[PDB]
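Right, one structure below, let's go through it.
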């Protein structure tokens with residue numbers, strides 16, 4: 001059921017947009033996936049990390065492993081000023 005599309009790079013493109021600024025919370029991402037990937041996560045919940053691998057291997061942002069300021073909910077992934085190609089390769093389609 002759900003017959004979802006098999007696209008990783010795309011899975012991230014949507015996982016990145018999640019942040020209208022420049023902060024992605026892997027915790028808010030995993031929950032964001034199941035939001036539209038129930039039969040996928042409910043079937044392949046072990047791929048939760050698999051996506052993370054391509055997640056940072058896609059854009060190449062910086063994750064904060066237990067930052068000395070937050071309480072302990074998620075992370076603050078920020079896109080590095082190197083690619084900025086996905087940010088707006090075309091312009092704003």
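Note that each Cβ is placed from the backbone with ideal geometry, even for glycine, and that neighbours are counted across all protein chains shown. Derivation of every value follows stated rules applied to the coordinates shown; laboratory data play no part.
Within the stretch 56-93, can you find the residues that are within 12 Å of residue 16 (Cα to Cα), touching a residue at least 24 places away in the same chain (Cβ under 8 Å) and assigned to a loop (DSSP other than H, G, I, E, B)? Across the stretch 56-93, the qualifying residues are 59, 61, 76, 79. Checking 29, 9, 51, 16 one by one, the residue that is touching a residue at least 24 places away in the same chain (Cβ under 8 Å), exposed (fewer than 13 other Cβ atoms within 10 Å of the Cβ), part of a helix (DSSP H, G or I) and within 13 Å of the chain's Cα centre (by Cα) is 9 and no other.
Only one of the numbered conditions (1) touching a strand residue (DSSP E or B) at 6+ places or on another chain (Cβ under 6 Å); (2) within 17 Å of residue 9 (Cβ to Cβ); (3) surrounded by fewer than 16 Cβ atoms within 10 Å (Cβ to Cβ) is not met by residue 88, and that is (1).
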